[PDB]
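Under the working numbering, the first residue of the sequence shown is numbered 83, with each subsequent residue one higher.
The C-beta atom is built at its ideal place from N, Cα and C for all residues, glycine as well.
Take a look at the structure set out below.
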Amino acid sequence: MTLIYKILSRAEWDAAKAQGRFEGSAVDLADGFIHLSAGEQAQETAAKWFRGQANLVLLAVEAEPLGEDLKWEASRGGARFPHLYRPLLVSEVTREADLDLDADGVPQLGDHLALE
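Next up, the structure:
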């Protein structure tokens, strides 16, 4: 889909937006640099881990052919998540989207995406 997404807490996003920059958080560095996710990957991981969290922000980035810094890398020896090997500047991001839960308490990308 080219538009890859990163989910984080609003409190973190507003702070980064104040600086104009978002450096690699301990969570991202713990996995392997800034871990972005494709639309399908984001929805799944949202249902698994981001469930119950009703204060999330969906950061949309238009891929860009810079595979040198943005690599669709297989984390944990499985799925290929696009990892950015440098700090995420706010002025670099395409658009944001405040994301909330559905009836099951899951981050509802099903309605937010073309799953309809």
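- Going by beta carbons, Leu-138 and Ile-89 fall inside the 7 Å limit.
- The three-state reading of DSSP puts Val-172 in helix, counting H, G and I together.
- Here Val-188 carries a coil assignment [DSSP, helix/strand/coil].
- Membership of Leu-141 in the beta strand (DSSP E) is indicated by the continuous run 138 to 144.
- Nearest Cα to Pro-189 within the set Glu-122, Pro-164, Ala-98 and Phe-115: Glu-122.
- For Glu-155, the secondary structure class from DSSP, reduced to helix, strand or coil, is strand.
- Under DSSP, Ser-107 takes part in no beta bridge, so it has no partner.
- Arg-177 sits in a strand when the DSSP states are folded into three classes.
- Membership of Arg-162 in any alpha helix (DSSP H) is not indicated; the residue belongs instead to the beta strand (DSSP E) covering 162 to 166.
- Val-143 and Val-175 have their C-alpha atoms roughly 5 Å apart.
- Looking at the DSSP output, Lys-88 shares a beta bridge with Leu-141.
- In this structure, the beta-carbon distance from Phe-163 to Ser-91 does not fall below 7 Å.
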